[PDB]
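Student: Just protein-v7.txt, nothing more (compact mmCIF, C-alpha atoms and all ligand atoms):
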# COMPACT_ATOMS: atom_id res chain seq x y z
CA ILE A 1 63.95 -99.14 14.59
CA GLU A 2 66.84 -97.25 12.97
CA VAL A 3 68.86 -95.12 15.36
CA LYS A 4 70.46 -92.09 13.74
CA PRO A 5 72.15 -88.92 14.94
CA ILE A 6 69.93 -85.83 14.85
CA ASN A 7 70.45 -82.14 15.48
CA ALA A 8 69.05 -80.16 18.41
CA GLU A 9 66.56 -78.39 16.14
CA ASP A 10 65.20 -81.76 15.01
CA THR A 11 63.95 -82.53 18.54
CA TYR A 12 61.72 -79.49 19.08
CA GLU A 13 58.57 -80.76 17.32
CA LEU A 14 58.40 -84.02 19.29
CA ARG A 15 59.45 -82.32 22.52
CA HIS A 16 56.59 -79.89 22.00
CA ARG A 17 54.02 -82.51 20.92
CA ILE A 18 54.79 -85.10 23.59
CA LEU A 19 56.43 -83.36 26.56
CA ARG A 20 55.36 -79.72 26.61
CA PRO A 21 52.27 -79.24 24.43
CA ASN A 22 50.77 -76.52 26.64
CA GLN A 23 53.81 -74.21 26.57
CA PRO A 24 55.40 -71.98 23.92
CA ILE A 25 57.84 -73.66 21.53
CA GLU A 26 60.68 -71.75 23.23
CA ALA A 27 60.14 -73.98 26.30
CA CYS A 28 61.42 -76.89 24.16
CA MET A 29 64.67 -75.08 23.25
CA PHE A 30 66.56 -76.35 26.22
CA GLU A 31 69.43 -74.23 27.35
CA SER A 32 71.27 -77.48 28.03
CA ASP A 33 71.30 -78.14 24.25
CA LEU A 34 73.95 -75.39 24.15
CA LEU A 35 76.24 -77.02 26.70
CA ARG A 36 79.54 -78.50 25.65
CA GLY A 37 79.40 -81.94 24.02
CA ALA A 38 75.59 -82.18 23.86
CA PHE A 39 74.30 -84.79 21.39
CA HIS A 40 70.95 -86.09 20.19
CA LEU A 41 69.62 -89.35 18.85
CA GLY A 42 66.54 -90.14 16.79
CA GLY A 43 64.61 -93.37 16.37
CA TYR A 44 63.17 -93.73 12.88
CA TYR A 45 60.42 -96.08 11.75
CA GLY A 46 58.49 -96.32 8.50
CA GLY A 47 59.98 -93.08 7.20
CA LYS A 48 59.25 -90.98 10.30
CA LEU A 49 61.16 -89.69 13.30
CA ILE A 50 59.27 -91.29 16.22
CA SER A 51 61.61 -91.19 19.22
CA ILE A 52 64.09 -88.65 20.57
CA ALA A 53 66.71 -88.41 23.33
CA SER A 54 69.28 -85.73 24.25
CA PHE A 55 72.45 -86.02 26.33
CA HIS A 56 75.02 -83.61 27.76
CA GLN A 57 77.72 -83.69 30.43
CA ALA A 58 76.43 -82.59 33.85
CA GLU A 59 77.63 -83.80 37.25
CA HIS A 60 74.85 -84.05 39.81
CA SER A 61 76.01 -83.17 43.35
CA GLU A 62 74.05 -86.10 44.86
CA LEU A 63 75.35 -88.78 42.51
CA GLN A 64 78.85 -90.15 42.63
CA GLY A 65 81.02 -90.46 39.55
CA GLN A 66 83.68 -88.19 38.08
CA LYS A 67 82.07 -87.81 34.62
CA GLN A 68 78.26 -87.86 34.41
CA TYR A 69 75.73 -87.19 31.67
CA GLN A 70 72.12 -86.05 31.90
CA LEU A 71 69.32 -87.31 29.66
CA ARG A 72 66.71 -84.75 28.60
CA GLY A 73 63.80 -84.81 26.15
CA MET A 74 63.18 -88.56 26.14
CA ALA A 75 59.99 -89.17 24.14
CA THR A 76 58.36 -91.64 21.76
CA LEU A 77 55.30 -90.81 19.67
CA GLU A 78 51.99 -92.49 20.44
CA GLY A 79 51.53 -95.28 17.90
CA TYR A 80 55.20 -96.16 18.02
CA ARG A 81 55.67 -96.93 21.70
CA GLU A 82 56.39 -100.45 22.96
CA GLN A 83 58.69 -101.19 19.99
CA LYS A 84 62.02 -100.64 21.84
CA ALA A 85 62.50 -97.25 20.16
CA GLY A 86 63.37 -95.50 23.43
CA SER A 87 65.45 -98.43 24.72
CA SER A 88 67.42 -98.46 21.46
CA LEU A 89 68.25 -94.76 21.82
CA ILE A 90 69.39 -95.22 25.40
CA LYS A 91 71.55 -98.26 24.57
CA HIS A 92 73.17 -96.49 21.62
CA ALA A 93 73.81 -93.45 23.85
CA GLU A 94 75.37 -95.70 26.49
CA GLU A 95 77.93 -96.86 23.89
CA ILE A 96 78.78 -93.24 23.04
CA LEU A 97 79.00 -92.34 26.73
CA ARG A 98 81.09 -95.42 27.65
CA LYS A 99 83.49 -94.51 24.81
CA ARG A 100 83.73 -90.94 26.25
CA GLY A 101 84.62 -92.34 29.70
CA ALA A 102 81.37 -91.29 31.35
CA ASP A 103 80.63 -93.05 34.62
CA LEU A 104 76.93 -92.49 34.98
CA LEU A 105 73.76 -91.47 33.04
CA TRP A 106 71.00 -89.71 35.02
CA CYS A 107 67.59 -88.20 34.42
CA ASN A 108 65.01 -86.27 36.42
CA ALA A 109 62.43 -88.86 35.37
CA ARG A 110 58.71 -88.23 35.20
CA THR A 111 57.34 -90.68 37.76
CA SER A 112 54.92 -91.93 35.08
CA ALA A 113 58.03 -93.22 33.22
CA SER A 114 59.90 -94.64 36.21
CA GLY A 115 59.15 -98.22 35.15
CA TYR A 116 60.72 -97.60 31.75
CA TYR A 117 64.00 -96.49 33.32
CA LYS A 118 63.77 -99.42 35.78
CA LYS A 119 63.52 -101.88 32.86
CA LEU A 120 66.70 -100.25 31.47
CA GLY A 121 68.49 -100.84 34.78
CA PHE A 122 68.19 -97.37 36.30
CA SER A 123 67.80 -96.91 40.06
CA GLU A 124 65.87 -94.20 41.91
CA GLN A 125 67.62 -91.81 44.27
CA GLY A 126 66.10 -89.48 46.80
CA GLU A 127 62.51 -88.37 46.96
CA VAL A 128 59.76 -87.54 44.54
CA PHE A 129 59.59 -83.81 43.79
CA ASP A 130 57.09 -81.78 41.80
CA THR A 131 58.00 -79.52 38.87
CA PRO A 132 55.01 -77.53 37.58
CA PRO A 133 53.41 -77.55 35.09
CA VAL A 134 54.80 -81.01 34.26
CA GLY A 135 54.28 -82.83 37.56
CA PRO A 136 56.05 -85.34 39.86
CA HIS A 137 59.67 -86.36 39.09
CA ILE A 138 62.26 -88.68 40.60
CA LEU A 139 66.04 -88.67 40.12
CA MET A 140 67.10 -91.88 38.36
CA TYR A 141 70.54 -93.05 37.30
CA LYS A 142 72.43 -95.90 35.70
CA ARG A 143 76.08 -96.56 36.36
CA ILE A 144 77.79 -97.55 33.12
CA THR A 145 81.22 -98.55 34.38
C1 LIG B 201 62.81 -86.11 32.05
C2 LIG B 201 62.56 -87.14 31.02
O1 LIG B 201 63.08 -87.00 29.86
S1 LIG B 201 61.51 -88.54 31.51
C3 LIG B 201 60.22 -88.30 30.28
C4 LIG B 201 59.90 -89.61 29.59
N1 LIG B 201 58.90 -89.39 28.56
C5 LIG B 201 57.59 -89.36 28.81
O2 LIG B 201 57.09 -89.55 29.91
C6 LIG B 201 56.72 -88.96 27.63
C7 LIG B 201 55.65 -89.99 27.30
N2 LIG B 201 56.13 -91.35 27.20
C8 LIG B 201 56.97 -91.74 26.24
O3 LIG B 201 57.37 -90.95 25.41
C9 LIG B 201 57.33 -93.21 26.16
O4 LIG B 201 56.30 -94.00 26.79
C10 LIG B 201 58.70 -93.52 26.80
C11 LIG B 201 59.81 -92.66 26.20
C12 LIG B 201 58.70 -93.38 28.33
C13 LIG B 201 59.05 -94.96 26.43
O5 LIG B 201 59.30 -95.11 25.05
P1 LIG B 201 59.13 -96.50 24.27
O6 LIG B 201 59.80 -96.31 22.95
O7 LIG B 201 57.69 -96.97 24.28
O8 LIG B 201 60.01 -97.49 25.18
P2 LIG B 201 60.44 -99.01 24.95
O9 LIG B 201 59.53 -99.63 23.93
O10 LIG B 201 61.93 -99.07 24.76
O11 LIG B 201 60.06 -99.60 26.39
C14 LIG B 201 60.98 -100.41 27.11
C15 LIG B 201 60.26 -101.15 28.24
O12 LIG B 201 59.70 -100.20 29.14
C16 LIG B 201 58.29 -100.35 29.25
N3 LIG B 201 57.71 -99.02 29.42
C17 LIG B 201 57.62 -98.06 28.47
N4 LIG B 201 57.06 -96.94 28.96
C18 LIG B 201 56.79 -97.19 30.24
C19 LIG B 201 56.21 -96.39 31.32
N5 LIG B 201 55.80 -95.12 31.09
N6 LIG B 201 56.11 -96.99 32.52
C20 LIG B 201 56.51 -98.26 32.74
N7 LIG B 201 57.06 -99.05 31.82
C21 LIG B 201 57.23 -98.55 30.55
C22 LIG B 201 57.86 -101.08 27.99
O13 LIG B 201 56.61 -101.77 28.23
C23 LIG B 201 59.06 -101.98 27.79
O14 LIG B 201 58.94 -103.08 28.67
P3 LIG B 201 59.05 -104.61 28.18
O15 LIG B 201 60.45 -104.78 27.60
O16 LIG B 201 58.84 -105.39 29.46
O17 LIG B 201 57.96 -104.81 27.17
Show how you would write the structure in this file as structure tokens.
Ligand SMILES: CC(=O)SCCNC(=O)CCNC(=O)[C@H](O)C(C)(C)COP(=O)(O)OP(=O)(O)OC[C@H]1O[C@@H](n2cnc3c(N)ncnc32)[C@H](O)[C@@H]1OP(=O)(O)O
Tutor:
Amino acid sequence: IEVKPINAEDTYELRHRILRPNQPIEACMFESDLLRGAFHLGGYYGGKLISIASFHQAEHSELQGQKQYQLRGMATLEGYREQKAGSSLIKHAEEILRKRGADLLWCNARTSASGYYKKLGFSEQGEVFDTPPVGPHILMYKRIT
């Protein structure tokens, strides 16, 4: 897998295909993409963008750490899963975040992906909550200090 920087606009197709296929494309244009210091990473394989991840500074009231970042739009295309594409994006992001002096990376994880974040060393906090139309979620975080 080759990890490369990508632009916000480059994430919309895979966000739409994988995460929000039953919603208008506008639902994939996350307002958080326009928050200060937002960045995006792409995983490329065989000449195709096959994994995406987006990060921006956001301090969660129920997590402790002076500087925190949120992960949004984590997705790998069917056919290209189980190749460490997603893990490679998260590890590369952790280097960028550690260099920026971030203390923590968090995500409102789909529960169906909780085991992925667990394998990457994330812990769960709090309770499962539902967010229609995209289902049960759980706050997960990884301290990177
Ligand atoms: C709010 C959010 O952004 S959370 C949304 C997460 N995305 C989704 O749910 C969309 C659909 N799923 C996906 O896109 C992918 O399955 C992802 C992003 C969760 C994982 O991407 P991949 O590129 O396949 O991950 P990668 O290959 O790095 O997997 C790392 C490890 O986690 C495991 N893993 C991957 N997905 C899952 C899962 N859904 N549940 C449990 N374990 C998982 C892999 O088996 C691997 O384990 P191993 O090292 O023991 O073999």
Student: Have a look at A:139, A:44, A:32, A:18 and name the one nearest to residue 6 in chain A; count all atoms listed in the file.
Tutor: A:44
Student: For ligand LIG 201 (chain B), collect every residue having any atom at a distance of at most 7 Å from a ligand atom (counting only C-alpha atoms and all ligand atoms); output as a ChimeraX atom specification.
Tutor: /A:18-19,51,71-77,80-88,107-110,112-116,119
Student: Counting only C-alpha atoms, which of A:129, A:142, A:62, A:28 gets nearest to residue 16 in chain A?
Tutor: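 Of A:129, A:142, A:62, A:28, the one nearest residue 16 in chain A is A:28, counting only C-alpha atoms.
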Student: Neighbours of residue 3 in chain A within 7 Å (all atoms listed in the file; same-chain residues fewer than 3 positions away dropped), as an NGL selection string?
Tutor: :A and (41-44 or 89)
Student: What is the distance, in Å and to one decimal place, between CA of residue 12 in chain A and CA of residue 31 in chain A?
Tutor: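 If I compute the distance from CA of residue 12 in chain A to CA of residue 31 in chain A, I get 12.5 Å.
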Student: Contacts of residue 121 in chain A at 12 Å or less, counting all atoms listed in the file, minus same-chain residues fewer than 2 places along, as a ChimeraX atom specification?
Tutor: /A:87,90-91,94,104-106,114-119,123-124,140-144
Student: For the atom pair CA of residue 50 in chain A and CA of residue 134 in chain A, what is the interatomic distance in Å to one decimal place?
Tutor: 21.2 Å
Student: Name all residues at most 12 Å from residue 34 in chain A (count all atoms listed in the file; drop same-chain ones fewer than 6 positions away) and give them as a VMD selection string.
Tutor: chain A and resid 7 to 9 40 54 to 57
Student: What's the 8 Å shell around residue 58 in chain A, counting all atoms listed in the file, without same-chain residues fewer than 2 positions away, as a ChimeraX atom specification?
Tutor: /A:56,60,67-70
Student: What does the distance between CA of residue 65 in chain A and CA of residue 138 in chain A come to in Å, to one decimal place?
Tutor: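 Interatomic distance here is 18.9 Å.
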Student: Return the single residue from A:11, A:111, A:145, A:66 that is closest to residue 53 in chain A, with distances computed using only C-alpha atoms.
Tutor: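 Counting only C-alpha atoms, the residue closest to residue 53 in chain A is A:11.
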Student: Which one of A:79, A:136, A:1, A:29 sits closest to residue 13 in chain A if you count all atoms listed in the file?
Tutor: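 Using all atoms listed in the file, the shortest distance to residue 13 in chain A belongs to A:29.
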Student: Pick the closest to residue 4 in chain A from A:35, A:93, A:63, A:25: which is it, counting all atoms listed in the file?
Tutor: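 Checking each of A:35, A:93, A:63, A:25 against residue 4 in chain A, counting all atoms listed in the file, the winner is A:93.
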